[PDB]
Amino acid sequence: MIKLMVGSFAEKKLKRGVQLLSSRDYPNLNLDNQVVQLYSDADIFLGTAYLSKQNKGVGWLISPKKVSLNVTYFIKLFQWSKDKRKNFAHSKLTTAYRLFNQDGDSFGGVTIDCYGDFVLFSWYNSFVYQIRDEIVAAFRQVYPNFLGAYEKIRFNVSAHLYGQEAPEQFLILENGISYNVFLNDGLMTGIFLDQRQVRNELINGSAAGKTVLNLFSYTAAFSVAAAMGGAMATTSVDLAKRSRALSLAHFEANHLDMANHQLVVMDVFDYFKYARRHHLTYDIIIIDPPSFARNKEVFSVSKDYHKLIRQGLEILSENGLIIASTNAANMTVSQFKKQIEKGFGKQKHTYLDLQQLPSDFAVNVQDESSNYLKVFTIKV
């Protein structure tokens, strides 16, 4: 392999334990998609890494030690990550959760999720996609009892990977409650598992006897959790037509009567106007948009999140709760808070809680940017 000399800033990252190689720190770089050995300014060995374009990064540190990347290396990787997750395997209440999370498990560019009897792999750059044989071979040694597996490409977008086929749609269990999911359709699966603990809080009664508005609902997974926790009623608003059948499916799977659960297909900015005109108000408002969305407005979470808080407050009950969630990697905790304060203006409010990624979505403790989920619960 090539020995690569790194500048002082690149060095400073490595020695504090950051695995991510950012392009800013490697402006010199005319090499790609390969494993390298990194050296300092004065010819000292810094570690083995690989190079591949991934958003703002050029690669990842693999080990501070001199190592060979091959299948036996991945077997070790997956033995360690499996061993952190023993409790997931012993409790029967949750059958869908994350097995492997990039640098959270010491190998950036790969995630792996379990969904009942099937697994899902996601490739975040062209190098890991090039070596999938050895990644998949190692995983199937360490986890031989899955019936089949699927893949997402994150860098044709989705494909069956090995073993049996899954049904187009099927039920998994999370917190003792059923959700309808699907593995071979676009980039999403019917649920973001990383919100497992926010859903659990709702099932446990955090919205009992209360009315809930759920904005950018997707498949209404937050609404079904609230309903199972005794919520008096829920309203789930999403721009996309597909939200109807995909939401109905969780409610039928839990034998829930939908008399007081309404599904709405509508732009969230139109919903705010419609709700004000009809004097609708809700005890709890859950806000969880995508990080960037396209086309009667363009939505960017960095710039426009203040708008959602501002307009939600107009339709919140006295002593109401806002649950403000984002999965954007590019917005820090402090930037997210700043958007929220901008939305509140002068209005008194209290931050009751901050929730971030659960332990299966493991994080590199040295890199704060890895913890990309932020969920604030705010009391008005």
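Note that residue numbering begins at 1 and tracks the sequence as displayed.
> How many missing residues of the deposited sequence lie between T72 and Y73 in the entry, grouped as none, 1 to 3, 4 to 9, or 10 or more?
Per the deposited record, the segment joining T72 and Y73 has no missing residues.
> Hey, how big is the hole between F155 and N156 in terms of deposited residues without coordinates: none, 1 to 3, 4 to 9, or 10 or more?
Per the record, 4 to 9 deposited residues are absent between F155 and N156.
> Which wins on mean Cα temperature factor, 98 to 106 or 134 to 142?
If you average the C-alpha B-factors of 98 to 106 and of 134 to 142, the larger mean comes out for 134 to 142.
> State which stretch shows the higher mean Cα B factor in the entry: 228 to 236 or 119 to 127.
Of 119 to 127 and 228 to 236, the stretch with the higher C-alpha B-factor average is 119 to 127.
> From the list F292, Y282, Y179, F192, select the residue with the highest C-alpha B factor recorded in the entry.
Most elevated C-alpha B-factor of the set, per the entry: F292.
> Quick check for you: using the entry's CA B-factors within this chain, is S334 in the lowest, middle or highest third?
Its C-alpha B-factor, which the entry lists for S334, ranks in the highest third among residues of this chain.
> Sort the modelled residues of this chain by their C-alpha B factor and say whether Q262 lands in the lowest, middle or highest third.
It falls in the bottom third of the chain.
> Ranked by Cα temperature factor within the chain, is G148 in the lowest third, the middle third or the highest third?
For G148, the deposited C-alpha B-factor lands in the middle third.
> Could you say whether, by C-alpha temperature factor, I340 belongs to the lowest, middle or highest third of its chain?
Ranked within chain, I340 CA B lands in the middle tercile.
> Going by the entry, which third of its chain does the Cα temperature factor of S325 land in?
Its C-alpha B-factor, which the entry lists for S325, ranks in the lowest third among residues of this chain.
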